[PDB]
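Presented below is the structure to which this report refers.
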Amino acid sequence: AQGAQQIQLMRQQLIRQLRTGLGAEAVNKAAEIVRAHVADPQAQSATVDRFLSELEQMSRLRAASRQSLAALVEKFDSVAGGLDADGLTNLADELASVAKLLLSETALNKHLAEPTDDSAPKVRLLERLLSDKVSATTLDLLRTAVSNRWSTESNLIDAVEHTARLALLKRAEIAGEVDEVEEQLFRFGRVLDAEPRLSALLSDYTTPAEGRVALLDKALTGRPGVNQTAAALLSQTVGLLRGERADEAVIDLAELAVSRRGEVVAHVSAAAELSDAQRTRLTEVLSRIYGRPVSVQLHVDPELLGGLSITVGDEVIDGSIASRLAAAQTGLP
Amino acid sequence: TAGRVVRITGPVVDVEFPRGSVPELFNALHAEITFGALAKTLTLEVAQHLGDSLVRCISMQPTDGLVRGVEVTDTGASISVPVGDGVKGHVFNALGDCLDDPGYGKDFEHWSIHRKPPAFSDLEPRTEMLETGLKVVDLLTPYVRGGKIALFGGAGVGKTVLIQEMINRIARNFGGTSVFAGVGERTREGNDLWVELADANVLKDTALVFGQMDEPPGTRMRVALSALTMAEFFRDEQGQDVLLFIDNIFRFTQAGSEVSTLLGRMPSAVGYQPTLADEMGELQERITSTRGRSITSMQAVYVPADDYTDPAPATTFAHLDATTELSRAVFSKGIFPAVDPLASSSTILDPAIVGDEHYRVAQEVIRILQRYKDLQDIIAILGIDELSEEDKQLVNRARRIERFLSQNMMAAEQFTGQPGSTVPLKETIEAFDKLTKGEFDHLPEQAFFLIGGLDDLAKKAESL
Amino acid sequence: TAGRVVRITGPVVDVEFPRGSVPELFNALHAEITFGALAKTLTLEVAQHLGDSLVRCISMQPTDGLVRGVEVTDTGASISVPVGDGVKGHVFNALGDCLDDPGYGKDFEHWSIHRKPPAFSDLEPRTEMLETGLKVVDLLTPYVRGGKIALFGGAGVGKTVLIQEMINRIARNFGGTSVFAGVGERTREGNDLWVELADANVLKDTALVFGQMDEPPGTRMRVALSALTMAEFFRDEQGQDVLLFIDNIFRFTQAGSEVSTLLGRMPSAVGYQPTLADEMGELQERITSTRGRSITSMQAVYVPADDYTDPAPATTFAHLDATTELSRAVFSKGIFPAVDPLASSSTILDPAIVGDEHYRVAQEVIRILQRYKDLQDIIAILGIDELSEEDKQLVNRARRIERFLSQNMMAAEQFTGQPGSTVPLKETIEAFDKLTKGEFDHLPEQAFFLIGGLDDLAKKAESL
Amino acid sequence: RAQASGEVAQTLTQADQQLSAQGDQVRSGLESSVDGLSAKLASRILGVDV
Amino acid sequence: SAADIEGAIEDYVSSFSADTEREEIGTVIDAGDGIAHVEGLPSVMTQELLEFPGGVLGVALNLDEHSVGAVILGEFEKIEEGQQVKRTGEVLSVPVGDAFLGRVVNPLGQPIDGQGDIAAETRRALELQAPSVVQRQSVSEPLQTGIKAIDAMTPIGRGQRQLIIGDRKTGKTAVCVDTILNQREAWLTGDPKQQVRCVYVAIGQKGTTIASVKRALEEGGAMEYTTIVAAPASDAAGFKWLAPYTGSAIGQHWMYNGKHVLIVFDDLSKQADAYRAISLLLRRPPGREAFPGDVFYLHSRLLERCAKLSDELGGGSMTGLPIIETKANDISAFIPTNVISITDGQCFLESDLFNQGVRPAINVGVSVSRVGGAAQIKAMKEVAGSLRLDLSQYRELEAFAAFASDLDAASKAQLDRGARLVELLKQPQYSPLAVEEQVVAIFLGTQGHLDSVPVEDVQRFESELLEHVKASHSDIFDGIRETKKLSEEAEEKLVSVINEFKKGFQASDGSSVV
Amino acid sequence: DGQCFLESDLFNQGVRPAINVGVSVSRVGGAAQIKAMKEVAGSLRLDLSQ
Ligand SMILES: Nc1ncnc2c1ncn2[C@@H]1O[C@H](COP(=O)(O)OP(=O)(O)OP(=O)(O)O)[C@@H](O)[C@H]1O
Ligand SMILES: [Mg+2]
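Protein sequences, first through last, are from chains A, B, C, D, E and F. Going by my numbering, the first residue of the first sequence is number 55, and it counts up by one from there. Going by my numbering, the first residue of the second sequence is number 1323, and it counts up by one from there. Going by my numbering, the first residue of the third sequence is number 1323, and it counts up by one from there. Going by my numbering, the first residue of the fourth sequence is number 35, and it counts up by one from there. Going by my numbering, the first residue of the fifth sequence is number 8, and it counts up by one from there. Going by my numbering, the first residue of the sixth sequence is number 1084, and it counts up by one from there.
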């Protein structure tokens, strides 16, 4: 009986392995079929439109630093009501200057960052070393920041630098170039994602900041196509990395830029640069899904076999025909 | 205001609260596991403040299924247990949830399980013997009112029958109650105890508080405190003498060690928590007599590697006033309650706390039993006839003494019907004085089995 | 898109790569040391991905002379070793570079040292006895043809001598292919084995891979895998019965421990790495034999501190069918091969496989030896004269049995001067049945020392 | 037991051969239906007839 | 053969549809030694089952504000920095059903014996609550291990947790395989109240050893009611950690359905070692012997699933037989101490007893079963009542073996009785004895019918006598089995047949036994 | 390649230079001796251990 069961199990093993081979051949043939079918432009557009139709049916700061940064942002919002374009540029430049000072004077940053509840001593050190050298608006925010306690010393810098960015973003708000500055920021982000040697060169903060800024100007922002606000933001960032990635930092800067305006960036990958019709359809469906305006950023990826994939926040909506083919392949019994 | 879980490493859960609302230590916090299969309400006990408004907590329930960022609500008070006459006759877990009747006692008065021991000026300066009524305990190893008794034993040595006997005696003679603190229960053993007590009809006089083994170490560490808090309520509010069983207080020590390891504290000598003595003191010091009422405790103790110098038993025995050791050899001889008169001990068997007559009689009985135990080898190998006449006389007297140390326990009333005997201490003293002097060496040995006092001895002798 | 060395700490080297070119785990990377005295191409093995596009690698050659910032180029595949019939008759290192003929196999087929163990579906137990000719092994620890065999021992108890003797007794007449993996053993004994094999014309059928202890932890980790890859090629791609001698397999786990703390792992008990069991299990499971494809593997295992409770030997025990266990206690008494007859064991020593006669004789020998071990405490103090007559006779039996388990092995000619001997299994069973039954109690015990057979016993008895 | 083991071993090999071939036969019909199965799978993944 | 070779695939292609559901993604930021840290996955839950790109699986085991440290379940080398990790919304679960009988499955429930798939009836999470105090029942039904020593001295009642503890190569796996084999007679009855379904969980054993155990069970007929949850040493530390829970879940599914289960963990020491490895790789604080603080809980949470359920829950039971390897017979080590505390009793196997020929090598006296006589049938309870005292007296008297002339008559009789009882408790491997045969065998010794047989022949005298009784006087066995007690008329018949056999028995020394 | 395990107990007994014959060993052995010494002392260490 054991031998009979052995031959029965051999028969079942043969059946299973033949079925596995048949399934492998079948999906390989289906892969060829889809590769031929996806190559058509009208077919690819129809596939992405079908994907959108399907969709139609659907912060690292700790507590103390988080609250302090929220308070500093509120103070910046209060101050910005009476600021001006030139005043905003001066505020951004002076905030970047104090960020540089804090990075250079580690002891100065550490006492301006101590978690002491007493603010008077701190503010006294502040003005003593910087009161007459900077404007008034700057100090107001630049002190609010010092008064609040921070979880770590570096956070204080991250606070002022954050404001230094907002000062420029508010400037873009003043000029109405939010769309242009965001587009240029994402363009620079994708540019720095490629050629990682340039990203590493910009990343090195051991070298003088002026050299990195000059390199960026010669490479990226020294040409007429760069928007003024985007160029200023990139220069400030390159000046204030402190070991962070350049491409990482610039994409986070773009995320902050969209976030200031209440929108959330959704990175979209497609086989080709879809037309404006399905682009506006995608924006609407994504906003409906997430209940918040979204700014779609496209990335060229012909390997997706004519499908469309979205990633926003920690969530993804994947309909890439390549991923669906992989799921079919791995789903073989 | 409500916290958020920010870390989950096994039983250890870190909760971030708003700056103005960090719970104080040992507060019980509630988190919700919404996963269908494992849906639960975790009770986290705040153990440390880490800073930046974080608090590290030991989860009293398995944290499987817990999600980061889930709301954690602070109850504002430490782990509270229901207290009252209602806890009697019911089984509870370390957190006061009734196991045999869910939702029972949720509307009782609740007491925090973290209570300071009695004020120094409120302690009783004089040790007082607890006349439990058992001949063996009252004579050889007198128990201490408001003291702790180690209960060495195992399976098939009548430990559960002795527990029932002491529950009956505390409930009937002293008008008190019992609380059974099942630290590290085997759920099978806990169920067996529950059914045994229900069948014996002594469940109504005992409140069971089981911290099972399957629960994380937090509950196994806090169950002793919970049961002791019920006992404290009975002592201080109801004004009853209490009998707090703790099977097994080594578990409590080991649960403390595991909690200490989980929180990251460097282990002490043999891997035990650095605060072993302080945890054991905070537990045991609450078991004491105050304002005329006392919590006595029979605490079964496990001795790792049979090493009494180990930190856990060494710390436990700094508080143990008596030591009752049940023996398989004595149990097989028909001598219930199965206490070994020689291995057991007491720290009150001194001429001063007990009467000089008591000490003399007890020492004479111990001498006779020791001489007999020495002669056991000769009897077993060489035979009884190879002894001398003085040795044979002593062997007969020792047989009769050790059989008279047996007693018709109240716990046996459910099996035979014969009411249990409560032999007065004076009667036991004089009876054993007579035995050791040979006044009863002419009665048959079967006359001394399972009988309380000289009246019962005479009646049984006449019945044979 | 080459890497860059960032952090060098002994054998561990951290390499930062561009974001899109972080090598997979166990990949081989090539750095270059340019200092003239130590100039070389340094092979690193990606051991951890550490984030931020950093990887942490275990260097195969010494890192002396390596400079931070030096370019590190990724090979794109794990360390590969040559395989084929070409490897037979040559000496390789962990990296697959031939020593006795540099650049020899550079054009052979190359296999990765890392591969999954054979699937459980393809494993069947092996129950065929391998007659070595050693009395103790053939009687009490019969080896399994196609099974896993180990020679446990302390430091310097004769593991290398015994494994060389087993090469002499199993491989010399073997029709298949042999592989010898010297994993962190002594280079002198490796060269001795090389010349011995060359002189006996076994080298043409043997592939030697050496990672001796002069090498850093990386080679002492990966050399066992490098040799096991050749063994697996011979097992799978050719179907030839394969012998796989390893000396010493403990050095694998010891090298893992050596690099453990530099890789950031928290040490486990006795300072070993947390991954001791899994790391050793992968390697051991690759050594098994699959049905129709036999690997007869013999692994000398080193027991640290002569402590058989150490985690490494204890974990290795589960991976073995036959386990000879050399002990310093037996070695001190002059018994060579120094096997502890009681601690050693074999799974093929069942009455259904070795026969009822062999099993009975082996179990009677073990019984006598265990009784002798129990009596040795008494004899050293109370003297032999105070033992029972039966126990005295048993002691005289056991001394002769212990000395008869000693044997003059061929590989130990330079330990004793006299040539080696081979004892058929039938003669061993007959001789030990006679001993255990008494036919030799009249002969002096020194007649049983280093003789190997009944004829030799008679000759040495006559010479006495 | 030895005779049963030998006969079962012989039966097994006989069966191993028969299976092997039976499988080759079927392998053919397999390659005949592969085209249709692949077309159906491609239509499924694409969400429309291929 | 059939058209299915194509049809099955057709059924897939017609039925397959990869729909577009939203998914939360993490990215692997660290990976090493079997642990992968995954940034992201905000909604991941503790002990969730993450899926990595290459079909690899991991268990979200440490959750921080920065990363999720997940233990990878095999194929760890395929994990890289930057890989996308998708969360399956399910805590660790395993399939369960009657289809697992006769199958070898890895701790995830996937077959590894090479046969077809397993038709799962349901899925059970590995971390479900154990039966509560109110849901249990007193252990009162025997689980005949077939080993005279265990069934007479330390009986195991279904619903119990008995620990086979001892050093290496002492006879533990032999005891548990014998216990599994002994249930074939119960299985062939067809009565679920008698049938015992077995789950042999192999942790850290080599593949060939699991194959050997499977062969021992098949040649013994036990594989038609036994599942082998195998986590061979080749498998990741995660599988060695999960295997007891997998086996416990497969058993629990039967247990809550009225069936009786027998779970063998072999060993739990390797379970503890795998958990220690995972904990240290996740940087959880260490304690004694480097084990994490909750290692006790790891075992307790497991062994407390082994319970006898109340009649309201079907009355099913799961019997635990954890196996622990004690190094140098040190039962005071950490894991041995923990599991001795957890379990209801201990069969202590000693290498000294094994070498003396006392194999199966249970050190009676030190060995204990807290369930006691409640786990024995009345016949064994009455027959084996005096056995423990007799063996204790024999061990006390062993020092006098050389002076039997100088001892009292009673003492010498006790010594002679004890030697024969010791020979009686010996038992060959893979040969469990039915409870009736054990009753008759222990009756031979305790009642003094072996007192005339030479010691060296006791093993034979028993073996032949039963072989006689079974073949010719089965009425005794049938009575003991059907009534569970040794009736007086049956006892007289048994004594008469013993005396008749004595006359025809040839002692190995040539003497006559009457 | 060997040990010369010098023992304090042997040293005090007057066995100087204190070689514990049982534990001590040289695995090069006779190869590191002149033929006369090898022949004269072939089994000397084992004889002394016994
Ligand atoms: N009752 C017995 N009679 C005879 N031999 C036995 C008996 N029990 C076990 N053995 C033998 O003892 C050896 C050890 O058996 P087993 O494999 O069960 O040990 P174990 O305690 O599980 O150890 P390991 O750690 O190697 O798994 C094997 O040779 C087995 O055949
Ligand atoms: Mg085993």
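All C-beta atoms, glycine included, are put in the ideal place defined by N, C-alpha and C.
Comparing the CB of C:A1640 with every heavy atom of ligand 1, is any distance shorter than 7 Å?
Stepping through the third sequence from its first residue, residue 1640 of chain C is reached at position 318. C:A1640 has its CB nearer than 7 Å to a heavy atom of ligand 1.
Starting from E:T53, find everything on chain B with Cβ-Cβ shorter than 8 Å and list it in chain order.
For the purposes of this step, residue 53 of chain E is taken as the residue at position 46 of the fifth sequence. Going along chain B in sequence order, the residues near E:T53 (Cβ under 8 Å) are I1330, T1385, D1386, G1387, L1388, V1389.
In this structure, how does DSSP classify B:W1516 when only helix, strand and coil are distinguished?
Here residue 1516 of chain B refers to the residue found at position 194 of the second sequence. Shown here, B:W1516 sits in a helix according to DSSP, grouped into three states.
Should E:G178 be listed as close to ligand 1, given that the test is whether its C-beta is under 7 Å from any heavy atom?
Stepping through the fifth sequence from its first residue, residue 178 of chain E is reached at position 171. Flag set: Cβ of E:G178 near ligand 1.
Straight-line CA distance for E:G173 to B:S1381?
Along the fifth sequence, read from residue 1 onward, the residue named residue 173 of chain E stands at position 166. Along the second sequence, read from residue 1 onward, the residue named residue 1381 of chain B stands at position 59. Approximately 34 Å, taken between the alpha carbons.
Nonlocal neighbours in the same chain, by C-beta distance under 7 Å from C:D1558, ignoring five residues either side:
Numbered from 1 along the third sequence, position 236 holds the residue referred to as residue 1558 of chain C. Once the five neighbours on either side are set aside, the close Cβ partners of C:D1558 are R1615.
Within its chain, find whatever has a CB closer than 8 Å to the CB of B:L1709; leave out the 5 residues flanking it on each side and keep chain order.
The residue given as residue 1709 of chain B occupies position 387 in the second sequence. The residues are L1697, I1700, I1701, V1717.
Would you mind sorting C:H1764 into buried or exposed? The rule is 16 or more other CB atoms within 10 Å of its CB.
For this step, residue 1764 of chain C is matched to residue 442 along the third sequence. The residue is exposed, with fewer than 16 neighbouring Cβ atoms inside 10 Å.
What is the DSSP secondary structure of C:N1730, counted as helix, strand or coil?
Numbered from its first residue, the third sequence carries residue 1730 of chain C at position 408. Reduced to three states, the DSSP call for C:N1730 is coil.
Jot down the residue ranges of each uninterrupted alpha helix (DSSP H) in the segment 98-163 of chain A, minimum 4 residues, whole runs only, in chain order.
Complete alpha helix (DSSP H) runs here, min 4: 117-134, 139-158.
Could you list which residues in chain C have their beta carbon closer than 9 Å to that of E:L288, in chain order?
Numbered from 1 along the fifth sequence, position 281 holds the residue referred to as residue 288 of chain E. Those are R1587, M1588, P1596, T1597, listed as they occur along chain C.
Per-residue DSSP class, three states only, for C:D1396
Residue 1396 of chain C sits at position 74 when you count from the first residue of the third sequence. Here C:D1396 sits in strand by DSSP.
What distance in whole Å lies between the Cβ atoms of A:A146 and residue 389 of chain A, which are believed to be in contact at a cut-off of 8 Å?
With chain A represented from 55 up to 387, any question about residue 389 of chain A goes unanswered, as that position is not in the structure.
Taking CB distances under 8 Å as the criterion, tell me whether E:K213 reaches chain C.
Residue mapping note: residue 213 of chain E aligns to position 206 of the fifth sequence, counting from 1. It does; some Cβ of chain C falls within 8 Å.
By the criterion of Cβ-Cβ separation under 8 Å, what are the contact partners of A:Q62 in chain B?
As a working note, residue 62 of chain A is residue 8 in the first sequence. Neighbours of A:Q62 in chain B, taken as residues at a C-beta separation under 8 Å, are lacking, since the least C-beta distance is about 37 Å.
For C:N1349, report the span of its beta strand (DSSP E) as first-last.
In the third sequence, the residue the question calls residue 1349 of chain C occupies position 27. Here the beta strand (DSSP E) through C:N1349 covers 1349-1355.
Where the beta strand (DSSP E) through B:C1379 begins and ends:
As a first step, residue 1379 of chain B is located in the second sequence; it is residue number 57 there, counting from the start. 1376-1381 is the span of the beta strand (DSSP E), which, as asked, contains B:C1379.
Does the beta-carbon of E:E332, which I'm using as the reference point, lie nearer than 7 Å to any heavy atom of ligand 1?
Here residue 332 of chain E refers to the residue found at position 325 when the fifth sequence is read from its first residue. Under cutoff, so the answer is yes.
Flag F:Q1096 as yes if its beta-carbon sits less than 8 Å from any beta-carbon of chain C, otherwise no.
Translated into positions along the sixth sequence, residue 1096 of chain F becomes position 13. Not closer than 8 Å to any Cβ of chain C, the Cβ of F:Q1096 fails to qualify, so no.
How about E:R175: is its Cβ closer than 7 Å to a heavy atom in ligand 1?
Translated into positions along the fifth sequence, residue 175 of chain E becomes position 168. For ligand 1, at least one heavy atom lies less than 7 Å from the Cβ of E:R175.
Please tell me whether B:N1490 and B:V1459 are closer than 8 Å, where the distance is taken between their beta carbons.
In the second sequence, residue 1490 of chain B corresponds to position 168, counting from 1. In the second sequence, residue 1459 of chain B corresponds to position 137, counting from 1. A distance of 8 Å or more separates the beta carbons of B:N1490 and B:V1459.
Do E:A181 and ligand 1 come close, with the Cβ less than 7 Å from some heavy atom?
The sequence position of residue 181 of chain E within the fifth sequence is 174, counting from 1. Checking the 7 Å criterion, the Cβ of E:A181 is within range of a heavy atom belonging to ligand 1.
Going residue by residue through the segment 1495-1571 of chain B, where are the continuous beta strand (DSSP E) segments of at least 3 residues, counting only ones entirely within it?
Unbroken beta strand (DSSP E) runs of no fewer than 3 residues, entirely contained in the segment 1495-1571 of chain B, are found at 1499-1507, 1528-1534, 1564-1569, following chain order.
Can you grab the Cα-Cα spacing for the pair residue 1287 of chain B / B:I1706, in whole Å?
A question about residue 1287 of chain B goes unanswered here, because the residues of chain B that appear run from 1323 up to 1786.
In chain order, what residues of the same chain lie with their CB nearer than 6 Å to the CB of C:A1622, ignoring the 5 residues before and after it?
As a first step, residue 1622 of chain C must be located in the third sequence, where it is residue number 300. Closer than 6 Å at Cβ, skipping near neighbours: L1473, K1481, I1485, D1569, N1570.
DSSP three-state label for C:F1658, please.
Along the third sequence, read from residue 1 onward, the residue named residue 1658 of chain C stands at position 336. DSSP places C:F1658 outside both helix and strand once states are collapsed to three, so it counts as coil.
Which same chain residues end up closer than 6 Å to E:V75 when comparing Cβ atoms and leaving out the 5 residues on each side of it in sequence?
The count along the fifth sequence starts at 1 and reaches residue 75 of chain E at position 68. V45, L48, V51, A67, listed in sequence order.
Within 8 Å, strictly: CB atoms of E:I171 and E:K179:
Working through the fifth sequence from its first residue, we reach residue 171 of chain E at position 164. Working through the fifth sequence from its first residue, we reach residue 179 of chain E at position 172. Taking 8 Å as the Cβ cut-off, E:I171 and E:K179 qualify as a contacting pair.
Report the neighbours of C:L1347 on chain E: residues whose CB is nearer than 9 Å to its CB, in chain order.
For the purposes of this step, residue 1347 of chain C is identified with residue 25 of the third sequence, where counting begins at 1. The answer, in chain order, is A38, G39, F83, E84, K85, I86, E87.
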